[PDB]
Every structure is written in C-alpha cells, then in structure tokens.
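Notes for the one structure printed next.
No Cβ is skipped: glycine too gets one built from the backbone with ideal geometry, and neighbour counts run over all protein chains shown. Since every read-out is calculated from the coordinates, none of them should be taken as a lab result.
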Amino acid sequence: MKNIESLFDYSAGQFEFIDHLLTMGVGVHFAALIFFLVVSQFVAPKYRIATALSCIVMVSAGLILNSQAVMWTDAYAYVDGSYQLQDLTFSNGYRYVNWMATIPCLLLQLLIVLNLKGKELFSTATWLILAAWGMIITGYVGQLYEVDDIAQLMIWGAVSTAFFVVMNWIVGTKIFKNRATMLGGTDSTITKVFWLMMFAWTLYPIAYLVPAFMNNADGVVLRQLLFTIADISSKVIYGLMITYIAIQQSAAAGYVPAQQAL
Ligand SMILES: CCCCCCCC/C=C\CCCCCCCC(=O)OC[C@H](O)CO
Ligand SMILES: *C\C=C(C)/C=C/C=C(C)/C=C/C1=C(C)CCCC1(C)C
Ligand SMILES: CCCCCCCC/C=C\CCCCCCCC(=O)O
Ligand SMILES: CCCCCCCC/C=C\CCCCCCCC(=O)O
Ligand SMILES: [Cl-]
C-alpha cells in the first residue's frame, strides 16, 4: 500500500511481462547455482569459500524472486479487461531485507579473491557490512514514503547514497592497494570487476527513484526491468568473474584440479 505498484491497474501485457521477468530471474539464478556448485571443486581451498558464497547468493536471490513472482500473481486478478489489486501481498521491501544478506556475501567473496586475510579481512569486512547495512536500512525507510511523501524518500535516499559513496571508496581503495598481490594475471581482471560493480550497483538507486519521475504503471514495469538487469549483473555476471579469478589464481598457485580445468 506504501508502494506505487498498488496504485495502478495493469494491462495483461504489463502484468505478464513483470511475471515473466521475475520467473526468468528465478531460472537464471538457479541455473547459475548449479554452475557454481560444480566448479567449486576446481577451486583451491584458499578461495573455495568465494564460490560457496556465490551459491548462497543465487539461492537467496532466487528464493526472493520466486517469492515476488507468486505474490505478484496472488495480489492481482484479471477483472474486466485488466489486472486489478485484490490482496495486500506484493511489496518491494522484501528485496531490501534480502540485500541485508546478499550484499555482505557479494562483498566478502571480493575480499577473499583479493588475498586479504586475518585482521584486515575482519576489519575491512566489518566496516563494509556496517556501511552497506546503513545504506539498505535508510533506503528501506525511504521507499516506505514513495507514495505519500516523495520528499522524505529523497532525503533518506540522500543519506543512503552517502553510505554508498563511502562503501565504494573502501572497496576501491582496497582493490587498488592490493591488486599487485593477485596471481595469474587477475590483477587486471579485478579492475574490471570494480567497474562492473559501479555500473550494476548504481542501477538500484535509479530504480529507487522511478516513483519520482515515472509514477505510472509503465514506471512499475521499468523498475522491475532495471531490477532484473541489476540483479543479473551484480549477482550472476559478477559471480562468474569472481569464480574465474578464484580459478585462475588457484591454478597459478599450484592447485592441479584448477590447472586441469583451465
Ligand atoms: C548524496 C549527495 C552526495 C554525493 C557525493 C558525490 C561525491 C562522489 C565521491 C566519490 C565517489 C567515488 C566512489 C569511490 C570510487 C573509487 C575511489 C578511488 O578510486 O580511490 C582509490 C584511490 O585510487 C586509492 O587507490
Ligand atoms: C543484489 C545486489 C546488490 C549489491 C544490491 C544493491 C543495492 C544498492 C546498491 C542500493 C542502493 C541504494 C542507494 C544507493 C540509495 C537509494 C536506496 C538504495 C538502497 C536503492
Ligand atoms: C542443470 C539444472 C538447471 C536448473 C534449472 C532451474 C529450474 C527452474 C524452473 C522453473 C522456475 C520455477 C518458477 C515457477 C513459479 C512461477 C510463479 C508464477 O508466476 O506462477
Ligand atoms: C556487526 C557486523 C559484523 C560483521 C562481521 C562480518 C564477519 C565476517 C568476517 C570475515 C570472515 C570470513 C570467513 C571466511 C574466511 C575464509 C578463510 C578461508 O578461505 O579458509
Ligand atoms: Cl538479493
């Protein structure tokens, strides 16, 4: 009721496209899960947790996308030529709470493949997770006002973006201070991962602002389209690059199953 999805009736095409986006996302994530599961054996024990975190991200994101898809079809019914709201079951907030768990996993596999260890990994991970949670919690409170108070959404978004900026500065600083430790030529691959993150993660605040510049049923479709692109890029494609780095460093470090896989 606090989100814009509940304000509109949807044509069969709008509704079915949203449903097909969420279901396609479920399919992509669970198919990648199998990939990450099977290739974890070609990863040296030092990096194997990284690929394991990808499996957790796939299932976590897949289950929430599957949840959203069923709530979507539970909330609406085709009545008099359009899908109209019938039950209070759909909300984007479930995406936000899920990020509390998936964003730490995404950040953690990055630090693992960067060769961080001991105190620094623990210290760096704690500040990154605290910043990320501050970003998500303020963003969560913000989207509660995307219908009733768009000014408050913009102010909470401003506070959330500050955490986002500080979070990226820590990530970027550690990447560029530690890329020289990376093996198998992955010191150049990790730089591409940082820019993939910058691009993919920034699509979320854009989707967050849709209610402010496209408050209509088409904006609801656009937001889900942006979520779908960001999810696939920040979770799947990102995970593939992390796994490639984990495997390439494993081989350069003398892990035979990795060398045999490459
Ligand atoms: C909400 C209104 C406030 C808006 C605020 C806008 C200011 C953006 C500033 C920084 C963004 C850059 C994010 C971090 C990018 C990487 C940082 C970096 O590269 O520094 C590392 C250095 O190279 C050592 O290795
Ligand atoms: C599924 C993976 C990730 C990394 C999800 C990331 C979400 C964000 C980076 C959200 C950022 C926000 C900002 C920067 C300001 C508006 C509120 C948001 C929470 C959407
Ligand atoms: C190698 C095996 C690859 C893994 C294949 C993954 C299988 C995914 C199967 C279909 C996704 C299920 C989602 C169905 C719920 C849709 C909800 C609805 O809109 O009614
Ligand atoms: C209050 C917020 C606290 C957040 C703390 C986060 C805790 C996680 C810190 C890093 C530990 C990562 C565990 C994986 C270690 C991998 C070692 C290995 O590969 O053998
Ligand atoms: Cl997620």
Find the residue count for region 229-251, including only residues that are closer than 15 Å to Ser60 by Cα and in contact with a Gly (Cβ under 8 Å, 6 or more places away or on another chain).
2
With criteria (1) within 16 Å of ligand 3 (Cβ to nearest atom); (2) closer than 21 Å to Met24 by Cα, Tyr78 comes up short on (2)
If I go through region 28-66 residue by residue, how many of them are surrounded by fewer than 16 Cβ atoms within 10 Å (Cβ to Cβ) and not hydrophobic (A, V, I, L, M, F, W, C)?
2
Can you name the condition, by its number, that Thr138 falls short on among (1) of a type outside the set (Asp, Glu); (2) surrounded by fewer than 21 Cβ atoms within 10 Å (Cβ to Cβ); (3) away from ligand 1 (no atom under 16 Å from the Cβ)?
(3)
When you scan region 173-185, do you find a residue that is surrounded by 14 or more Cβ atoms within 10 Å (Cβ to Cβ), of a type in the set (A, V, I, L, M, F, W, C) and under 23 Å from the mean Cα position of the chain (by Cα), even just one?
yes
Does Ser60 fit the bill of being out of contact with any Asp or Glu (no Cβ under 8 Å at 6 or more places or on another chain) and hydroxyl-bearing (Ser, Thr, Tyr)?
yes
What is the number of the single condition among (1) within 14 Å of ligand 2 (Cβ to nearest atom); (2) buried (at least 17 other Cβ atoms within 10 Å of the Cβ) that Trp133 does not meet?
(2)
Which members of region 5-53 meet the condition of being under 24 Å from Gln260 (Cβ atoms), charged (D, E, K, R) and free of Cβ contacts under 8 Å to residues at least 60 places away in the same chain?
none
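So in region 142-165, with the set limited to residues that are outside any helix (DSSP H, G or I) and surrounded by 16 or more Cβ atoms within 10 Å (Cβ to Cβ), which one is farthest from ligand 2 (Cβ to nearest atom)?
If we take residues in region 142-165 being outside any helix (DSSP H, G or I) and surrounded by 16 or more Cβ atoms within 10 Å (Cβ to Cβ), then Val147 is farthest from ligand 2 (Cβ to nearest atom).
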Of all residues in region 208-255, how many are among the basic types (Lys, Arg) and under 27 Å from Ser82 (Cα atoms)?
1
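Taking region 231-262 only, how many residues are under 30 Å from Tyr145 (Cα atoms) and surrounded by fewer than 19 Cβ atoms within 10 Å (Cβ to Cβ)?
The number of residues fulfilling the criteria is 2.
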Would you be able to say whether some residue in region 119-129 is touching a helix residue (DSSP H, G or I) at 6+ places or on another chain (Cβ under 9 Å), β-branched (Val, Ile, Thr) and within 12 Å of ligand 4 (Cβ to nearest atom)?
yes
Inter-residue pairs, beta-carbon under 7 Å, first part of a helix (DSSP H, G or I) and in region 54-67, second of a type outside the set (S, T, N, Q) and within 16 Å of ligand 4 (Cβ to nearest atom), 6+ apart
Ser54/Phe36; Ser54/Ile242; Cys55/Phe36; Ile56/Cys105; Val57/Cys105; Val57/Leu106; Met58/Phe36; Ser60/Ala101
Looking only at region 82-141, and only at residues there that are in a helix (DSSP H, G or I) and basic (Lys, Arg), the one that is farthest from ligand 5 (Cβ to nearest atom):
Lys119
Among helices (runs of 4 or more DSSP H) entirely within region 203-262, at least 3 residues that are within 11 Å of ligand 2 (Cβ to nearest atom) occur in 217-231
